[PDB]
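Engineer: Once you've had a glance at the structure underneath, I'll fire off some questions.
As a convention, Cβ positions derive from the backbone with ideal geometry for all residues, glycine included, and neighbour counts pool all protein chains shown. Please treat every number below as a calculation from the coordinates, not as lab data.
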Ligand SMILES: Nc1ncnc2c1ncn2[C@@H]1O[C@H](COP(=O)(O)OP(=O)(O)O)[C@@H](O)[C@H]1O
Ligand SMILES: [Mg+2]
């Protein structure tokens, strides 16, 4: 969790809080319309350069910013394939309820497992000095959950094995 | 690698930290407790299970179960929960980035060792791990190389004589009387004065009573005769309920169970006779040195005046021509940890790990043929 | 056997446990012809795990412990005791004996005592003794099924023998020299 | 549910309904079971006559093992010549059933329990052989090892009921050892089955359940006695769980339950893997809810006026 992820976590925090200087901006190709500019990528003069934060080859933090919208996709550790399946299913459930989260994408960008997307409106109404707090909190708690759920798998396997075998 | 993990997963208490440090970063009771009521409240963050210090603090509405019984883990689910707690909630370091050192009592079933190694390698994916005996750790901590070690803890008491750099596995004596049995006997003999302790919370309270009041006398008959004129021996304790209880001859009676195991109805030698037999089982040429080096270790050996009485009994048993000396450092409560850290911070120890690449190519039986 | 039963998980401490373990050694333990080969076989312990029904009704199962404890006789280093096995002990005893009867003693190897009732001890010890000794003479082992009480049988034969009555120790004959009268003529 | 059922529930319910009924009706339904076994129910000849058929890929091996006689003395005179496309057939007419209700219920249960009833022939044969060797060894203790070896050689029996499964069973003077050649395709199934099998081994070890038959599992290598047996690949991806059934585990009062249990083992393991998947689903959603709780910060307090129920404030003030 922490006491363990200081430099990576603080680098992500600083980069995210620096990249969240959004602004209301309409569409330069369609009139009377405004769209998240990071997702469309049609006007390159307002798209800041993509930025990547990493701690190890299996952990990355792609930070793509724009004038109004910021997309922030991360990779979390999957040491063994058990954690691979657990991470995939858990993060699918996480993104399946993006309606009540307001900063999630229903489908992550390829080569990743989750992609946040903070449009202007979220910074407009929701005070954003704890969106990053939620970000880092999730980035550590997710590994916590994966470990706990694999423990629960082992426990249930033990219980069912005992229940089956005792009734000879 | 900068530092290596090390965890003393003892039966009653668990000690964890980094190799080379001189202070336990994390010590919490090895307790996993589940609620036993309804919770008509709303919210409150209903947590399914509380482990460690949280369970010790909220024992009012919880039932506590020790995963390790008599040094053998019996609830692997609770053991995994405790290891997860140590890794994430208190030390909060990723297991996959730190080799770990574990401790297991001698003469335990091989199933315990194999299962522990497999769990650490697969469920936690540690880089490397090692399993060591308590007596070797005690010798490492004390700075000695020769001397029989008495390791009395919460779960089991064992003796492992070790000459200069060599251990005699055939002279290892293991006794299943320990702090938990002493606490149970104290609970049983506190009933004769009226006070009754039943639930696990009462068991922890009695453990605190034994912590703060129990001590070992010098001569049992003389101490009982003195207690007959019960004038200047009784003490008082304050329960959390606020009621004050008085303690008497049972203040020192229950520590004597170590020296007279017949008190709890078990036919075995005391912690002095077992040491004498363990020394006599060794070669004759090394007894003259093992007598001079008696090592006290573990939490149970923290009773006041236990060392003096044990020295008296061993001197009585042994011939008078050769002197008997017993040693007990004031920090012997964490002697096992100190030895473990000293061993883990040794350059010559770097090639004695068990790496994952070594483990997966030989199965979980590799621990038997490498660790010990 | 009590020491090595612990690693399987079982616990035996008291003297009642001592008698129980003695019964277990009575019924289950046997001796392995080749230690390494039988350990390799027990690695795949498909057919080397008998089950003993304890008096408490809870069964226990032992694998290589069946034959690991009887090999202490052949390998006394298991229990830390520094000595040769019984086979090499007999070989040394015969070698130190005078030469003219070594061949006779090779062909007469009597087995007696309760401990020698392990299934297959005779075959293994015969093999090992032949390996130790030169191959030019033949060696055989005598293992009567009655060897449990062979000592009594010999005592009875000696007592019933016709000329043994002069070898006794009469009370009057004991009276003169006191307790030490036995040493001068018993053996 | 924790334990899988031991027979086909549909057959049991259908038989009970048609026996307790007064007006039978023509039925033609083919029903599949676990492990590829298929059952067919039809009434071709008479409305009161019901024919039930059994389908199994390994049935000829059962015939080789001597299952026809066991089926005959199990099902009495009910035996009928097999139908096309099926292995074992039975024809039942409602006009000859016993009047007593308990006889009808036990007949329905027995017919519904046809799967293990036909699959248990090797187990019964192994038990008879075990009794024979037990009495022969009791005749002379010194004659044990050679007859044990010859029984391990000759009486070594085997069967292939799935293309990734195998039962290898053989008797002895005191035990009847059985080997399962488990293997899981559908990668995630094998992924969870690794943990399931590892935990299943440990179980027996625990002193809590020592009364159970001894288990022995070691992947990438088969036991000594079945490397030479045809059909056993040299540890490609197949595990090998081995149960050692002692005399106490098939006492004359516990043979049938043990047979059914050891038969249903693999299906229980599969179903419980699926149940573990569901357990993940529910826990994972249950506390991604907690993550949503953690997120629900960063929302300044707002007030909704009424939003009473199934409507919009139901009032202008
Ligand atoms: N000062 C003390 N006086 C009396 N008993 C003590 C004292 N300190 C610890 N104990 C007993 O020793 C036990 C500590 O066990 P511990 O030595 O941590 O076990 P392990 O060596 O297996 O980790 C406690 O349960 C407690 O009852
Ligand atoms: Mg300890």
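Engineer: Let me know the Rg and Dmax you get for the stretch D:165-270 when you use only its Cα atoms, in Å.
Structural biologist: Spelled out, the Cα radius of gyration and Dmax of the stretch D:165-270 are 14.1, 41 Å.
Engineer: Express in whole angstrom the spacing between the alpha-carbon centres of the stretch A:7-73 and the stretch D:72-143.
Structural biologist: When both Cα centres are located, 73 Å separates them.
Engineer: Then there is this: Over chain A, what is the relative contact order in whole percent, taking alpha-carbon pairs under 8 Å and six or more residues apart?
Structural biologist: Result for chain A is 20 percent.
Engineer: Report, as an integer, the average count of C-beta atoms from other chains found within 10 Å of each Cβ along A:141-152.
Structural biologist: Rounded to a whole number, the mean comes out at 5.
Engineer: In addition: Angle between the Cα long axis of helix C:86-96 and the longest principal axis of chain C, 0 to 90 degrees, nearest 10?
Structural biologist: Tilt relative to chain C: about 30 degrees.
Engineer: Still on this model: Where does each of B:280, D:1, D:56, B:302 land when they are ranked from fewest to most other beta-carbon atoms within 10 angstrom? Display every interim value, and only then the final one.
Structural biologist: Working: B:280 13, D:1 7, D:56 20, B:302 16.
Going from least to most buried by this count: D:1, B:280, B:302, D:56.
Engineer: Output the peptides C:14-22, D:162-170 sorted from most to least packed, where packing is the average of other Cβ atoms within 10 Å over each peptide's residues.
Structural biologist: Numbers: C:14-22: 12.9, D:162-170: 18.2.
Peptide ranking by packing, descending: D:162-170, C:14-22.
Engineer: Here's a follow-up. Starting from the Cα of residue D:163, step 7 Å toward the Cβ, then list every residue of the stretch D:32-64 with an amide N under 15 Å from that point.
Structural biologist: Only D:35-37, D:57-58 pass the distance filter.
Engineer: Ok, one more. Mean residue ellipticity at 222 nm from the helices of chain C, using -39,500 (n - 2.57) per DSSP H segment of n ≥ 4 over the full residue count, to the nearest 500 deg cm²/dmol?
Structural biologist: Calculated at 222 nm, the ellipticity per residue is -12000 deg cm²/dmol.
Engineer: With just the Cα atoms defining each centre, how far is the stretch D:30-52 from the stretch B:170-198? Give it in Å.
Structural biologist: Using only Cα atoms to place each centre, the spacing works out to 67 Å.
Engineer: Given the alpha-carbon gyration tensor of the stretch B:179-264, what are the semi-axes of its equivalent ellipsoid in whole angstrom, ordered largest first, with each equal to the square root of 5 times an eigenvalue? Please list the in-between numbers first.
Structural biologist: Numbers: eigenvalues 86, 52, 20 Å².
Computed over the stretch B:179-264, the values are 21, 16, 10 Å.
Engineer: Mean shadow of chain A, computed from the convex hull of its alpha carbons, in nm²?
Structural biologist: Over all viewing directions, chain A projects a mean Cα-hull area of 12.5 nm².
Engineer: Assign one of three labels to the stretch D:53-207, namely rounded, prolate or oblate, based on the Cα gyration tensor with a ≥ b ≥ c the square roots of its eigenvalues; rounded applies when a/c is under 1.5, prolate when it is not and a/b is larger than b/c, and oblate otherwise.
Structural biologist: Because a/c hits 1.5 or more and a/b fails to exceed b/c, the stretch D:53-207 counts as oblate.
Engineer: For helix D:255-295, report the angle its Cα long axis makes with the longest principal axis of the Cα atoms of chain D; keep it between 0 and 90° and round to the nearest 10°.
Structural biologist: 20 degrees
Engineer: Counting only DSSP beta bridges with both residues in the protein assembly as shown, what percent are antiparallel, rounded to the nearest 5?
Structural biologist: Antiparallel: roughly 90 percent of the beta bridges in the protein assembly as shown.
Engineer: Going by average Cβ density within 10 Å per residue, which order do the peptides A:74-87, A:144-157, C:91-104, B:208-221 take, highest to lowest?
Structural biologist: A:144-157, A:74-87, B:208-221, C:91-104
Engineer: Okay, next question. Starting at 0 and stepping by 10 Å, how many percent of the alpha carbon pairs of the stretch D:15-92 end up in each bin?
Structural biologist: Per 10 Å bin, starting at 0, the Cα pair percentages come out as 17, 46, 30, 7, 0.
Engineer: Counting partner chain Cβ atoms within 10 Å of every residue's Cβ in D:211-221, what's the average?
Structural biologist: Working: counts 7, 7, 4, 7, 2, 5, 0, 4, 1, 1, 2.
For peptide D:211-221, the averaged partner shielding equals 4.
Engineer: Please state the Cα pair-distance histogram of chain B with 10 angstrom bins from zero: what percent is in each bin?
Structural biologist: 5, 22, 30, 25, 14, 4, 0, 0
Engineer: Using the Cα atoms of chain D to build a convex hull, what is its mean projected area in square nanometres?
Structural biologist: If you wrap the Cα atoms of chain D in a convex hull and average its projections, you get 28.4 nm².
Engineer: Need one number for chain C: average projected area of the convex hull over its C-alpha atoms, nm².
Structural biologist: 16.5 nm²
Engineer: Next question. Whole number please: convex hull volume per residue, Cα atoms of the stretch B:4-84, in Å³. Before the final figure, lay out each step's value.
Structural biologist: On the way: hull volume 8.9 nm³, N = 81.
Convex hull of Cα atoms, per residue: 110 Å³.
Engineer: Right, another one. What average number of partner chain Cβ atoms lie no more than 10 Å from the Cβ of the residues making up B:167-173?
Structural biologist: Per-residue shielding by partner chains comes out at 2.
Engineer: Within 10 Å, count the other beta carbons around each residue, average over each peptide in D:172-181, D:37-46, and list them highest first.
Structural biologist: Order by mean packing, descending: D:172-181, D:37-46.
Engineer: Principal axes first, then extents: for the Cα atoms of the stretch B:256-372, list largest minus smallest coordinate on each axis, whole Å, largest first.
Structural biologist: Per principal axis, max minus min of the Cα coordinates gives 53, 34, 31 Å.
Engineer: Restricting to chain B, compute how many DSSP beta bridges are antiparallel as a %, nearest 5.
Structural biologist: 75 percent
Engineer: Based only on the alpha carbon positions, what is the Kirkwood hydrodynamic radius of the protein assembly as shown, in angstrom?
Structural biologist: 35.5 Å
Engineer: To the nearest 10 degrees, how steeply does helix C:150-160 sit against the main Cα axis of chain C, on a 0 to 90 scale?
Structural biologist: Helix C:150-160 and the main axis of chain C meet at about 20 degrees.
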